[PDB]
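Report on the structure given below.
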Amino acid sequence: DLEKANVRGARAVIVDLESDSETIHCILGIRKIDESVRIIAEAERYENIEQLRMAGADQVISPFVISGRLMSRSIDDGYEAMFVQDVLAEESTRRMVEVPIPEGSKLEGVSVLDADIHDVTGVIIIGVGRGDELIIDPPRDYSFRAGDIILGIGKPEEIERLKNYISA
Amino acid sequence: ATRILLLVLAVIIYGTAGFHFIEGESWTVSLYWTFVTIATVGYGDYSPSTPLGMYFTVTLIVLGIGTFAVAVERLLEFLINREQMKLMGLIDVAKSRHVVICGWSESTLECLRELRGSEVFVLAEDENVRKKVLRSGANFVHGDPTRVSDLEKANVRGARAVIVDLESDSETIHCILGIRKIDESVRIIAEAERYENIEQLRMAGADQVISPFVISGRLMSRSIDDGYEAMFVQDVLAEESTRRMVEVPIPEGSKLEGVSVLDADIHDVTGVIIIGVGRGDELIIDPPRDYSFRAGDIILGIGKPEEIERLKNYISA
Amino acid sequence: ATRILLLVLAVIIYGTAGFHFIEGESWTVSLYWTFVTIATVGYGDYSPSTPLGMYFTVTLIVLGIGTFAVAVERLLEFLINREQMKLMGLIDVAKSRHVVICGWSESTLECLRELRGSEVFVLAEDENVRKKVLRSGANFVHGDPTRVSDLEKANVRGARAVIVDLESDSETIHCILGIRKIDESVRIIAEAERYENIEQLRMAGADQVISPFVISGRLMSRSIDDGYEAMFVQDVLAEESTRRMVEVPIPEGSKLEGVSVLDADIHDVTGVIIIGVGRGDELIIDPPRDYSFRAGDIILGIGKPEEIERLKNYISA
Amino acid sequence: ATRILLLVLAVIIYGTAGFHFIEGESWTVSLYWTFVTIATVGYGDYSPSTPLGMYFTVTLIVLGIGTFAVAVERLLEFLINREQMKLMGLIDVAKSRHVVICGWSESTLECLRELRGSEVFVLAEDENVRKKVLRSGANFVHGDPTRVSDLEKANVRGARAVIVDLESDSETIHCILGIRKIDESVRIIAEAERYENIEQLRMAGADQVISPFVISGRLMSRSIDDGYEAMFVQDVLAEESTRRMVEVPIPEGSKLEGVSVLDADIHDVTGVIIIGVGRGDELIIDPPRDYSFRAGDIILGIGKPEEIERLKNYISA
Amino acid sequence: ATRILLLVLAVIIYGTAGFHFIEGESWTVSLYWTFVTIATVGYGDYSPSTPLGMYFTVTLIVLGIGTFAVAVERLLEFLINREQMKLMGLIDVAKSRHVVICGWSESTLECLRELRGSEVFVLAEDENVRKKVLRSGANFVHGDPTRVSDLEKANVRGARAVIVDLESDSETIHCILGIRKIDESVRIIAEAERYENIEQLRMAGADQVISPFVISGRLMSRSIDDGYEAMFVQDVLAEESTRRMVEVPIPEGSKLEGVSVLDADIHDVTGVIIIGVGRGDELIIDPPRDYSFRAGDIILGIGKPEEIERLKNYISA
Ligand SMILES: [C][C][C][C]N([C][C][C][C])([C][C][C][C])[C]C1=[C][C]=C([C]([O])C2=[C][C]=[C][C]=[C]2)[C]=[C]1
Ligand SMILES: [K+]
Ligand SMILES: [K+]
Ligand SMILES: [K+]
């Protein structure tokens, strides 16, 4: 029945079902059809997160584990959920962005020390990803190459300064 | 209820007025012998030696056994009724620092693994929820959480915080509007399903609105092509595999009071990416170059759990 | 059943017939010793001395422990069976001035806030309805209210008034016909749902028909343009915010017996707009200028709570 | 089970040994003192004089209160488990002349009105059926009546007659086929819903098939024009207002043995219409004139309840 | 649960420190007296003399009745809570060679006719399952078998073999992945429904898949024309009417260690058709001429029970 919905040769296959028991079986049914298509699952419980990666999901999102861990911590202070709601969920003023580095434009081969990425733009640099590997908080001894996806948190007036700082 | 004590006092005054008027002892030793005979002790130091006392002590003993029978019948009936009412959660709540959880879902089950079992109170209405609650170790209170007179049975006026996560997004607004009539200042944490209802929960009075379905609906659509944003949210907020989003409070003194973030230099000497500071119910994300720290500030930053131990010692003095 | 009493009389007569014939003591002292030993008081003044008497006292102690065990066993079995048969509502009703409420809705949950808790008996069948009854302090009688055999279980023959409010109108006409077969004079207050069933509840035998869905059909379709009639019905009949509709009886004599409404002129004296007068199970709304009050008339009027206490003192004797 | 008795015999042998080996009195007075002490009678004529014996007495008192607590715990556990098992079915029928009723409907509620209370064991599966049976006075056995293993719980092997009225005809056939596997001699009375399954219940092993949906299927389709056939069936078989279809056997002797129906002349001397005689598991409707009566033949006749008392005197001697 | 022993020690030290400091006896004698008094024994060799000691004895008596009352109250609370949290599951398994059956169907009801009653623990969630489990002798552990937190409540880490037959097929794969997270060496016997999930149950970690719906699909499509395949499967594997499939090992010695299949000649000396041999976690179906028998090999053969008993005799030395 997954072949009727043309899961073979798609952009990505978003999988979210009524329970985690059907989410694992849907991923295992897609990997019997296409072994290269991108599966974006939705884990319900915390213990079923590593069962979706073994089943073959290329990205596992867990809403009730983030919202579970943000309910128990928002009892006394509640400043950690005020970041996730105002950046990841609503994008009130700041928003999480990911931008690529094209070929040979202002950052090819430079280190992160004299890149000065936080001052001239204003966007907080969380991590730099190279080939499905996110290096959160890259160290000072780290160079930038083409194709590296820079993951940042900033206002929309600052990301357009960042994309101008990345371009040639 | 109260007539049991009346029957106890009636049998006691009957025993004393019989023993004094038959055996001929003073009232102190007659009351002492009455309490010895009623409680079935029988020291025998003041046993009746008269035949009339020997036939009256039979009546006092059978009245004492009837008193014990009626008292234990009322005790066992009250115990069985209170344990049947505590079984299906038809009890009131008399705690004072508890966490009422209106409704039950997987997002409320994950907030029991970071709290205490007997501390929290689940206020739901379904039947299979009550069995699901006790396996996690919480206290089930049967009631309609959208009803105001059934939040008062959960003691929501004297609650530490209230976590609202109901079956639909139309009942989360009704549960919050019911609590904010009972207690204005209690802390309500809510779960918004739709994106359009986030401004309704802040207007109804939720002090912190979480929207787990808006977060996934943006992480699913931006991770179709490459998706490095959904790897950060999963590895930091969800799994805490390498990093953890930690919040540290600044105490008085603290060797960093009044300093700006230029001279603080928290990321370069410790390794924690300072996201924002918690200056008084507003999260100043990316504070400026001349922001001055204050007392009771909550620094919100991400980093390795080794890098928090180099921050929790750098922040205390 | 009562075989506990036969076993207790058997062990008493065994103790007396053993002790009097073994230890050589008279019958009254042996009876006193048996009632001391079985109930475990043990005064020790007439304890045995022969080894046969000692072995007989051991067997009497064994039989007393046994009769205490079977007595507490029968008591615990009866208490458990009763308090589980009282929990789900499989018991009969013994009250004789109570109110039976057939079915359960919000229209009968707003009725229990102006009545007592133990005075009312909800006759329903659904299991989740039963838990809704016990929160409001009422008593739950399990049964189908349409069945005549299960209306006698709620003691509807000697009830004060019966409130019929079922899940449809077809069950409401059948519940009224089931009560009028039992008692032809008990007061039935029924809730009609459709407009076509108002005349059918009165042929079924309902003494009072209250149709809330027809009121809100005439208050929704007439509040679209202006909406001034629905402000009166909400403020006087629903909320009772400023004005309130009251029923004040005329007692014996009471300073207004025989004068007309011209000689009374209640609106200038008190301020209560007299809607109608209840002379003997009828309502003369807007009584004429030559109408005269009688003893036992029910004045129906609206007014403020400070304005109605002036009417009850103007009507007192 | 018997570990309670092991504990009580251990503590009595402990008391006897620790009184004899310490106080040095005889063995029978040590056993007497142990049974006086552990039952909390306390005669005091053999109180411990040695302080080592006094510590032994405190230890024996602690062990006796402990073994009474373990006995009370075991008794409450047994009574709660057996009372909660009994309330929701789950007990095999230990009767020998009972009537099993598989399933429950209104046709098995108008059957209980001519049967006893403890004689009927309803074998059903649903939970709302359980409350309907216990109000009706019968007993409920929880089980699947289509399963052979659950028909043996109701003691269908030694039942008197088994009445089958399940949800549909598909399970009524499977219930008769399950009883006939168990015994081929018990009387099965089954309700057929459809007309085409009347021949299927009789091949399954039903002794009597009653099809009320086919009776009213033809009584509705013949009462559209005139409706006199359904005026007889409702006045004789259903309500029995004026007449009653009665069956009377012919006892031994009885002044009518061997005579033909014309010389017996039952209708014109009594007033009953003789429909047919019950000659050996076969009803001969409208018997011929040369039919001679036999002993044990059941005569089926309609008539007034005064014409049956005139019949049961004319049929007897 | 610890307040009761605290109050018991409090009233014990109150009894000692009142008897010693009012009457004036020694410490051990006052301990003996207060343990005699609180246990309602009452020897009466150390009765109080002064009336102040008499009133102290009355206070000790009423406080001892109070501590017995609160101790029986807490014991009844714990016992009713335990007996209602054991009747409907909600309990942990303490055995460590048991069999856990996740889910409940007719394919696991037949699995209880070849196992013991109280050995197996059926882990399910529905209430209709629970009354079906207890009628068949098994123990019911209420819990979601797809959840890893409720598989540890069934003690699946120390279980002997696990049987997964859940009401869907997506949950059979999920329950195996929950068990293999817990114990990577326990034996999982799963039921596959669809054909494409037999390979998905083995990659999940099931040691033995059983697909009964693939079997019936391959027999319902090959029995239309002649159907001799389904006569062998029903007579050997389902009913064992005349033939029977067995699995016999090769014990130590066994007289055939090393010979070929031609030299053993098992088909001619016993009549048992050799299908395959069990050499080390694989099945060599139809072993060739040059195959050599070893020790511990499981011989799988079909035959009559009068032929298998001569096969177990031939494999002994
Ligand atoms: C046999 C065994 C023993 C038991 N007993 C005795 C009885 C006899 C039958 C003792 C205790 C110990 C455990 C019981 C009892 C107790 C107590 C008493 C007392 O009075 C009382 C109670 C309640 C109210 C009032 C009073 C009474 C009574
Ligand atoms: K005593
Ligand atoms: K007790
Ligand atoms: K006693």
Query raised in the report: If only one of E:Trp104, E:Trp33, E:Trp27 is away from ligand 1 (no atom under 16 Å from the Cβ), surrounded by 20 or more Cβ atoms within 10 Å (Cβ to Cβ) and either of a type in the set (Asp, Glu) or without any contact (Cβ under 8 Å) to a residue 60 or more places away in the chain (or both), which one is it?
Result: E:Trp33
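How many residues does the range D:175-198 contain that are under 17 Å from D:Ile215 (Cα atoms) and either part of a loop (DSSP other than H, G, I, E, B) or not charged (D, E, K, R) (or both)?
Initial filter on the range D:175-198 (under 17 Å from D:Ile215 (Cα atoms)): D:189-198.
Of the ones still in play, those that are also either part of a loop (DSSP other than H, G, I, E, B) or not charged (D, E, K, R) (or both) are D:189-190, D:192-198.
The number of residues fulfilling the criteria is 9.
With B:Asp207, B:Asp183 as the choices, which residue is among the acidic types (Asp, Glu) and either farther than 30 Å from B:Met88 by Cα or buried (at least 21 other Cβ atoms within 10 Å of the Cβ) (or both)? Working first, answer last.
On the way: B:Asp183 fails: either farther than 30 Å from B:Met88 by Cα or buried (at least 21 other Cβ atoms within 10 Å of the Cβ) (or both).
Only one candidate qualifies: B:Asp207.
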Query - Selection from the range B:65-86 of residues that are of a type in the set (D, E, K, R) and either within 16 Å of ligand 4 (Cβ to nearest atom) or exposed (fewer than 15 other Cβ atoms within 10 Å of the Cβ) (or both) - result: B:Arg74
Report task. Could you list all residues from the range E:46-80 that are among the aromatic types (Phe, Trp, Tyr), touching a helix residue (DSSP H, G or I) at 6+ places or on another chain (Cβ under 7 Å) and in a helix (DSSP H, G or I)? Result -> E:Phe56
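Residue-wise test of (1) under 25 Å from D:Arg194 (Cα atoms); (2) aliphatic (A, V, I, L, M); (3) exposed (fewer than 13 other Cβ atoms within 10 Å of the Cβ).
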position	(1), (2), (3)
D:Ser221	yes, no, yes
D:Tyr228	yes, no, yes
D:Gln234	yes, no, no
D:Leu237	yes, yes, no
D:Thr242	no, no, yes
D:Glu247	no, no, no
D:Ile250	no, yes, no
D:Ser254	no, no, no
D:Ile275	no, yes, no
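What about A:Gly147, is it out of contact with any helix residue (DSSP H, G or I) (no Cβ under 7 Å at 6 or more places or on another chain), touching a residue at least 24 places away in the same chain (Cβ under 8 Å), surrounded by fewer than 19 Cβ atoms within 10 Å (Cβ to Cβ) and within 11 Å of another protein chain (Cβ to nearest Cβ)?
On the way: out of contact with any helix residue (DSSP H, G or I) (no Cβ under 7 Å at 6 or more places or on another chain): yes; touching a residue at least 24 places away in the same chain (Cβ under 8 Å): yes; surrounded by fewer than 19 Cβ atoms within 10 Å (Cβ to Cβ): yes; within 11 Å of another protein chain (Cβ to nearest Cβ): yes.
The answer is yes for A:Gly147.
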Query raised in the report: Out of the residues in the range E:20-39 that are within 13 Å of chain B (Cβ to nearest Cβ) and in contact with a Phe, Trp or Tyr (Cβ under 7 Å, 6 or more places away or on another chain), which is nearest to ligand 4 (Cβ to nearest atom)?
Result: E:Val36
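Would you check if C:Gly15 is within 14 Å of chain B (Cβ to nearest Cβ) and either more than 44 Å from the chain's Cα centre (by Cα) or surrounded by fewer than 22 Cβ atoms within 10 Å (Cβ to Cβ) (or both)? Step through it out loud before you land on a result.
Working: within 14 Å of chain B (Cβ to nearest Cβ): yes; either more than 44 Å from the chain's Cα centre (by Cα) or surrounded by fewer than 22 Cβ atoms within 10 Å (Cβ to Cβ) (or both): yes.
Yes: the conditions hold for C:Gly15.
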Report task. Within the range A:87-123, work out how many residues are more than 27 Å from B:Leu219 (Cβ to Cβ) and in a loop (DSSP other than H, G, I, E, B). Result -> 13
Report summary line: Exactly one of C:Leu262, C:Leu300 is of a type in the set (A, V, I, L, M, F, W, C) and loosely packed, with under 12 Cβ neighbours inside 10 Å, and that residue is C:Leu262
Query - Selected residue (only one of A:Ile66, A:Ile126 is within 8 Å of chain B (Cβ to nearest Cβ), assigned to a helix (DSSP H, G or I) and either in contact with a helix residue (DSSP H, G or I) (Cβ under 6 Å, 6 or more places away or on another chain) or closer than 30 Å to B:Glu106 by Cβ (or both)) - result: A:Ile66
Query raised in the report: Could you count how many residues in the range D:32-67 are more than 16 Å from ligand 3 (Cβ to nearest atom) and within 14 Å of D:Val8 (Cβ to Cβ)?
Result: 6
Report task. Determine the pairs where a residue that is facing chain D (nearest Cβ under 8 Å), located within the range C:58-86, has a partner that is within 14 Å of ligand 3 (Cβ to nearest atom) and not hydroxyl-bearing (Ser, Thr, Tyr) with Cβ atoms under 6 Å apart, the partner being 6 or more residues away or on another chain. Result -> C:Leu76/D:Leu79; C:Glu77/D:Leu79
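Can we say B:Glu307 is facing chain A (nearest Cβ under 10 Å) and farther than 30 Å from B:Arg202 by Cβ?
Yes; evaluated as a whole, the condition is true for this residue.
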Requested in this report: Residues being away from every other protein chain (no Cβ under 14 Å), within 13 Å of the chain's Cα centre (by Cα) and crowded, with 22+ Cβ neighbours inside 10 Å: count how many of those fall in the range C:127-169.
Outcome: 4
Requested in this report: For E:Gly178, work out the one condition from (1) touching a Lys or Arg at 6+ places or on another chain (Cβ under 9 Å); (2) under 21 Å from A:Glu22 (Cα atoms); (3) more than 10 Å from chain A (Cβ to nearest Cβ) it doesn't fulfil.
Outcome: (3)
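Do we have E:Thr172 as touching a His at 6+ places or on another chain (Cβ under 6 Å) and either within 14 Å of another protein chain (Cβ to nearest Cβ) or part of a loop (DSSP other than H, G, I, E, B) (or both) here?
Numbers: touching a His at 6+ places or on another chain (Cβ under 6 Å): no; either within 14 Å of another protein chain (Cβ to nearest Cβ) or part of a loop (DSSP other than H, G, I, E, B) (or both): yes.
Spelling it out, it is not the case that E:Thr172 is touching a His at 6+ places or on another chain (Cβ under 6 Å) and either within 14 Å of another protein chain (Cβ to nearest Cβ) or part of a loop (DSSP other than H, G, I, E, B) (or both).
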**Report entry** Residues of the range D:33-64 that turn out to be within 16 Å of ligand 2 (Cβ to nearest atom) and farther than 29 Å from B:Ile38 by Cβ, as a count
**Finding:** 0
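Please work out which residue is nearest to B:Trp33 (Cα to Cα), limiting yourself to the range C:1-13 and to residues that are touching a helix residue (DSSP H, G or I) at 6+ places or on another chain (Cβ under 7 Å) and free of Cβ contacts under 8 Å to residues at least 60 places away in the same chain.
The initial filter retains those residues of the range C:1-13 that are touching a helix residue (DSSP H, G or I) at 6+ places or on another chain (Cβ under 7 Å), namely C:4, C:7-8, C:11-12.
In the following step, the residues that additionally are free of Cβ contacts under 8 Å to residues at least 60 places away in the same chain were identified as C:11-12.
Numbers: C:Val11: 26, C:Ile12: 24 Å.
Only one residue fits best here, namely C:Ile12.
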Query raised in the report: Among the residues of the range C:36-53 satisfying the criterion of being away from ligand 1 (no atom under 16 Å from the Cβ) and not hydroxyl-bearing (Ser, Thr, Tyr), which is surrounded by the fewest Cβ atoms within 10 Å (Cβ to Cβ)?
Result: C:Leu52
**Report entry** Considering residues of the range D:40-54 that are facing chain E (nearest Cβ under 9 Å) and of a type in the set (A, V, I, L, M) only, the residue farthest from ligand 4 (Cβ to nearest atom)
**Finding:** D:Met54
Query raised in the report: Looking at the range E:14-32, is at least one residue closer than 22 Å to D:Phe56 by Cα, within 16 Å of ligand 2 (Cβ to nearest atom) and of a type outside the set (A, V, I, L, M, F, W, C)?
Result: yes
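Is it the case that E:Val99 is free of Cβ contacts under 8 Å to residues at least 60 places away in the same chain, over 30 Å from D:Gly64 (Cα atoms) and either within 16 Å of ligand 2 (Cβ to nearest atom) or buried (at least 20 other Cβ atoms within 10 Å of the Cβ) (or both)?
Working: free of Cβ contacts under 8 Å to residues at least 60 places away in the same chain: no; over 30 Å from D:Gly64 (Cα atoms): yes; either within 16 Å of ligand 2 (Cβ to nearest atom) or buried (at least 20 other Cβ atoms within 10 Å of the Cβ) (or both): yes.
No; evaluated as a whole, the condition is false for this residue.
Values in this text are rule-based calculations from the coordinates and carry no lab data. Methodologically, a virtual Cβ is constructed for each residue, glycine included, from the backbone with ideal geometry; neighbour enumeration extends over all protein chains shown.
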